[PDB]
Each structure stands twice: as structure tokens, then as C-alpha cells.
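Colleague: Have a look at the structure that comes next, please.
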Amino acid sequence: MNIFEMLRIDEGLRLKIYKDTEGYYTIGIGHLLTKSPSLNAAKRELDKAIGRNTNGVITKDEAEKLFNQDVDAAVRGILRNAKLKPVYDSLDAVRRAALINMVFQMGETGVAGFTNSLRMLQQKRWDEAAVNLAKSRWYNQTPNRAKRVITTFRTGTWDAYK
Ligand SMILES: [Cl-]
Ligand SMILES: [Cl-]
């Protein structure tokens, strides 16, 4: 199992504009298009992202191309962030994937907002960090996905995804 397969399980794949759990216009593998209510503002972002007139529909390849870009951006954003980088450097390969997942879903700013849990992860206090991560809007809004991510932090294995 790897970051790509893990995110593909959490986000799914959709070839037509859809609304995410928060109600925002999305497409592909969790690719956020816009927070605007306008389905047209969304089709516009979409064409701009793909470099063609899509009329809200893309192919598998296009979805995969956006997905590669997004994972790359997540990793690069972590490495460029003064609060995230030290955490990432401290972790093993599995737990590194769990942090990339959180960043992909909620952005760098969101994650950097989990100051206390991040400090616990750095100190390798696994059980304490899993408990603190659960006291969040994130866990309350997307409980099944949060549980999988949290178990990955607690155990350092891919168990929740197998
Ligand atoms: Cl883009
Ligand atoms: Cl969920």
C-alpha cells in the first residue's frame, strides 16, 4: 500500500463535477475546484485546470493527471512549511503517508492548526496523539475517514486500509 492507493480509497474517483462532503464543487480524485456556489464558476475552473473545454466532464487520464499534481503539491507544501517539516522529518514512512493525507484533505493551513497533536506526534506519544486528534471538527464531520487516518498514526501500519 502507498500514498496513492490510500488517497484513492479515501476520496474515490468521479468523472463528473460533484459536490464534496462540505458541499464544494470537486472532480476526479478529491480535486477541489472552487468554494463558490456557482456551477459555472466550477466549469470555468475546470477548463482552466485541464486546458480544454470540458463541459464538466473529464477522462480517467485527466483525473490521474490532476491527482499526481495534487499529491506532489501536498508533499512540497509540507516540506516548505516551518511547522510541518519537523514533524514529517521525525516520522517513519507509514505515518508520513498519514500526514500527507491530512494535508491533501484540509490544506496546509488546516493541518498546521493541529498544533497540539503535531507536538505529540513529534514526541512519538502515539496513543495520546490519537486521542487528541479525535477532538476536532474533522473527526466529527468525517468520522470513518478520520478513524482510518488516526489508526495509521496510532499503529504505524496499513491495517485500517486493508
Ligand atoms: Cl490546477
Ligand atoms: Cl467519513
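Residue numbering restarts at 1 in every chain; chains get A, B, ... in the order shown in the C-alpha cells, and ligands count up from 1 in that same order.
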Please give me, as a PyMOL selection string, the residues lying within 10 Å of ligand 2 when counting only C-alpha atoms and all ligand atoms.
Modeller: chain A and resi 10-11+21+138-148
Colleague: Please produce, as JSON lines, a per-residue contact table for chain A versus ligand 1 (criterion: any atom at most 10 Å away, only C-alpha atoms and all ligand atoms considered), showing the nearest atom pair and its distance in Å to one decimal, sorted by chain then residue number.
Modeller:
```
{"residue": "A:31", "atom": "CA", "partner": "ligand 1", "partner_atom_place_in_ligand_line": "1 (Cl)", "distance": 8.5}
{"residue": "A:32", "atom": "CA", "partner": "ligand 1", "partner_atom_place_in_ligand_line": "1 (Cl)", "distance": 9.1}
{"residue": "A:33", "atom": "CA", "partner": "ligand 1", "partner_atom_place_in_ligand_line": "1 (Cl)", "distance": 8.2}
{"residue": "A:45", "atom": "CA", "partner": "ligand 1", "partner_atom_place_in_ligand_line": "1 (Cl)", "distance": 8.2}
{"residue": "A:46", "atom": "CA", "partner": "ligand 1", "partner_atom_place_in_ligand_line": "1 (Cl)", "distance": 8.2}
{"residue": "A:47", "atom": "CA", "partner": "ligand 1", "partner_atom_place_in_ligand_line": "1 (Cl)", "distance": 9.7}
{"residue": "A:48", "atom": "CA", "partner": "ligand 1", "partner_atom_place_in_ligand_line": "1 (Cl)", "distance": 7.6}
{"residue": "A:49", "atom": "CA", "partner": "ligand 1", "partner_atom_place_in_ligand_line": "1 (Cl)", "distance": 4.5}
{"residue": "A:50", "atom": "CA", "partner": "ligand 1", "partner_atom_place_in_ligand_line": "1 (Cl)", "distance": 7.7}
{"residue": "A:51", "atom": "CA", "partner": "ligand 1", "partner_atom_place_in_ligand_line": "1 (Cl)", "distance": 9.8}
{"residue": "A:65", "atom": "CA", "partner": "ligand 1", "partner_atom_place_in_ligand_line": "1 (Cl)", "distance": 9.9}
{"residue": "A:66", "atom": "CA", "partner": "ligand 1", "partner_atom_place_in_ligand_line": "1 (Cl)", "distance": 6.9}
{"residue": "A:67", "atom": "CA", "partner": "ligand 1", "partner_atom_place_in_ligand_line": "1 (Cl)", "distance": 9.8}
{"residue": "A:69", "atom": "CA", "partner": "ligand 1", "partner_atom_place_in_ligand_line": "1 (Cl)", "distance": 7.7}
{"residue": "A:70", "atom": "CA", "partner": "ligand 1", "partner_atom_place_in_ligand_line": "1 (Cl)", "distance": 8.1}
```
Colleague: For atom CA of residue A:114 and atom CA of residue A:130, quote the distance in Å rounded to one decimal.
Modeller: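 Separation between atom CA of residue A:114 and atom CA of residue A:130: 11.9 Å.
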Colleague: Could you write out, as a PyMOL selection string, all the residues of chain A that DSSP marks as alpha helix (DSSP H)?
Modeller: chain A and resi 3-11+39-50+60-80+85-90+93-112+115-122+126-133+137-141+143-155
Colleague: What residues in chain A get the DSSP label strand (DSSP E)? Please answer as a list in words.
Modeller: residues 14, 15, 16, 17, 18, 19, 25, 26, 27, 28, 31, 32, 33 and 34 of chain A
Colleague: Please indicate the distance in Å from atom CA of residue A:99 to atom CA of residue A:15, rounded to one decimal place.
Modeller: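 Spanning atom CA of residue A:99 to atom CA of residue A:15 is a straight-line distance of 26.5 Å.
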Colleague: Which residues, written as a PDB file with N, CA, C and O atoms, in the first residue's frame, have at least one atom at most 9 Å from residue A:98, with only C-alpha atoms counted and residues fewer than 3 positions away on the same chain left out?
Modeller:
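The new file selection.pdb reads:
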```pdb
ATOM      1  N   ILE A   3       0.836   6.006  -0.610  1.00  0.00           N
ATOM      2  CA  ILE A   3       0.043   7.217  -0.532  1.00  0.00           C
ATOM      3  C   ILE A   3      -1.083   7.314  -1.615  1.00  0.00           C
ATOM      4  O   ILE A   3      -2.237   7.734  -1.361  1.00  0.00           O
ATOM      5  N   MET A   6      -3.816   4.792  -0.927  1.00  0.00           N
ATOM      6  CA  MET A   6      -4.505   5.203   0.294  1.00  0.00           C
ATOM      7  C   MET A   6      -5.489   6.324  -0.022  1.00  0.00           C
ATOM      8  O   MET A   6      -6.642   6.263   0.392  1.00  0.00           O
ATOM      9  N   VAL A  94       5.240   5.063   6.995  1.00  0.00           N
ATOM     10  CA  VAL A  94       3.797   4.904   7.053  1.00  0.00           C
ATOM     11  C   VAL A  94       3.115   6.152   7.596  1.00  0.00           C
ATOM     12  O   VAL A  94       2.131   6.633   7.054  1.00  0.00           O
ATOM     13  N   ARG A  95       3.595   6.635   8.725  1.00  0.00           N
ATOM     14  CA  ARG A  95       2.999   7.796   9.367  1.00  0.00           C
ATOM     15  C   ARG A  95       3.152   9.022   8.539  1.00  0.00           C
ATOM     16  O   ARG A  95       2.308   9.923   8.587  1.00  0.00           O
ATOM     17  N   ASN A 101      -1.944  12.674   3.785  1.00  0.00           N
ATOM     18  CA  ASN A 101      -3.408  12.521   3.629  1.00  0.00           C
ATOM     19  C   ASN A 101      -4.176  13.699   4.257  1.00  0.00           C
ATOM     20  O   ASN A 101      -5.033  14.294   3.601  1.00  0.00           O
ATOM     21  N   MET A 102      -3.847  14.047   5.515  1.00  0.00           N
ATOM     22  CA  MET A 102      -4.481  15.163   6.200  1.00  0.00           C
ATOM     23  C   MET A 102      -4.279  16.454   5.424  1.00  0.00           C
ATOM     24  O   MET A 102      -5.195  17.251   5.250  1.00  0.00           O
ATOM     25  N   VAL A 103      -3.062  16.676   4.929  1.00  0.00           N
ATOM     26  CA  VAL A 103      -2.761  17.887   4.155  1.00  0.00           C
ATOM     27  C   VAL A 103      -3.547  17.934   2.843  1.00  0.00           C
ATOM     28  O   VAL A 103      -4.057  18.971   2.453  1.00  0.00           O
ATOM     29  N   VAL A 149      -7.256   7.339   9.300  1.00  0.00           N
ATOM     30  CA  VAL A 149      -6.043   8.147   9.368  1.00  0.00           C
ATOM     31  C   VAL A 149      -5.404   8.109  10.731  1.00  0.00           C
ATOM     32  O   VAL A 149      -4.187   7.969  10.853  1.00  0.00           O
ATOM     33  N   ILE A 150      -6.237   8.223  11.762  1.00  0.00           N
ATOM     34  CA  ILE A 150      -5.816   8.180  13.158  1.00  0.00           C
ATOM     35  C   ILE A 150      -5.225   6.808  13.560  1.00  0.00           C
ATOM     36  O   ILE A 150      -4.266   6.698  14.322  1.00  0.00           O
ATOM     37  N   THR A 152      -3.755   4.809  11.586  1.00  0.00           N
ATOM     38  CA  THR A 152      -2.482   4.725  10.889  1.00  0.00           C
ATOM     39  C   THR A 152      -1.411   5.442  11.753  1.00  0.00           C
ATOM     40  O   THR A 152      -0.279   4.963  11.863  1.00  0.00           O
ATOM     41  N   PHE A 153      -1.789   6.565  12.431  1.00  0.00           N
ATOM     42  CA  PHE A 153      -0.849   7.288  13.273  1.00  0.00           C
ATOM     43  C   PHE A 153      -0.538   6.504  14.536  1.00  0.00           C
ATOM     44  O   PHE A 153       0.610   6.449  14.985  1.00  0.00           O
TER      45      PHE A 153
END
```
